[PDB]
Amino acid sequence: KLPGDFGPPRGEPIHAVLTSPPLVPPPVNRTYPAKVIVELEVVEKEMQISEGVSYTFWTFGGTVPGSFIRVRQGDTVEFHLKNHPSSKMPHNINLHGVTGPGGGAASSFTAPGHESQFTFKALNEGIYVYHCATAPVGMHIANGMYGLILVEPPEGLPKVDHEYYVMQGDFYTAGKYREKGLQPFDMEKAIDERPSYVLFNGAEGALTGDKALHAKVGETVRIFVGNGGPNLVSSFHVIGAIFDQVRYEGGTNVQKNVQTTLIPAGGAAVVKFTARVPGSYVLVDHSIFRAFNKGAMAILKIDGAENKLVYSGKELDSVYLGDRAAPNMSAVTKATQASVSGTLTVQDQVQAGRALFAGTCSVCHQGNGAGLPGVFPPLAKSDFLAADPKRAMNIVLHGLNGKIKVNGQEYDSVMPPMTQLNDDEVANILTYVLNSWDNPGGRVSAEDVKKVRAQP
């Protein structure tokens, strides 16, 4: 035979359940093959890739990753691709797991305002990436045109308590990481495989803080994990936990009891986790500068009873989660909007600075600015700061070392430079400091920082 030889479609056609990340459609829960009608529409739209940073995404179903598709092995799928009339570009679809030329791309070419259709049998069980395959293919994928399709085995997957949808992608902005405004696609960075962001589910903080995934102690969690690329291979890892199982695509091999696993560009895996201890468990790309400098972190938050026999210790997770430990960074979004409108207040800056100060400065100066006597000097009521508040701009951008004295105490240490911070970020952080802990007040502007950055 062929694989997936389960008989002809039976019953009425089914109009398929699509879901937006991070949710999954329900199990199909049937024992017969069906004709499944899938309707998916392309929408090109601006969304926030980071706080105060807009990007023109190209999407399947209005999200990155695109809508999740769920069918049964042996189903006949009638696929309808619509391209919204607001689109500027033509689009198509290639579904991994399809048996046929281009995985559909050859038959789904769709101009703005049009619709295409093609039909395929799902022979191949597994989790599979789908993506646009319109020239230039790389640009389409880089702009967010990918998602997952699950083809269930005929008996269905084993029951779990939660199923989630998480997809990594690499993104290429003309501006640098966290540079505000509408950021165009940068073809030069893309060709060179030098992304400015590496993200889960299309944005920094998409799955952190108040947007974390949830489960309880004792529960099992399945995550359908994709890597849309376009270019990067993920050293996919869960901090502080282990995967009971990892299965790639439709593969017969299943790895068990691993914590770090390589997902190819265009690859997908199903992972399973059992919650044992409460807290935040972090999904990262363990090519570590991606996770901690470019946005590649997502959270699964577990609630329930402690188990001190398994893990007994403090819970100070801002030291690595940094500015993503908090529920959100909406103050940054708001300050950026106000700056664009020309209505930025001191308090707007202060609250944005407060959000950014977490991790970035607090790891050494503490959340209250007290420092640690003799080791990290205070920012709280700092005579050194007050003596020349402007010099703080140079200190942040270019670091500080050597002997200094602060609130009558000697320091001889090293503060690394932080030149990667953008002008608004430095301004906002310093404005927060100046207006906290009985410091002199005032404000620093982005334009002030720009001038200091530019001196030799």
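From 1 onward, residues are counted along the sequence shown.
- Higher mean CA temperature factor between 379-387 and 296-304: 379-387, per the PDB entry.
- Looking at mean Cα B-factors across 57-65 and 404-412, the upper value is held by 404-412.
- If you compare the C-alpha temperature factors of 233, 316, 166, 239 in the entry, 316 comes out highest.
- Comparing the listed residues 119, 347, 94, 287, the entry records the largest Cα B-factor for 347.
- Ranked within its chain, residue 23 lands in the lowest third, by CA B factor from the PDB record.
- When the CA B factors of the chain's modelled residues are split into thirds, the value for residue 252 lands in the middle one.
- Looking at the C-alpha B-factors along this chain, the one for residue 398 belongs to the highest third.
- Looking at the C-alpha B-factors along this chain, the one for residue 115 belongs to the highest third.
- Sorting the modelled residues of the chain by their CA temperature factor places residue 420 in the highest third.
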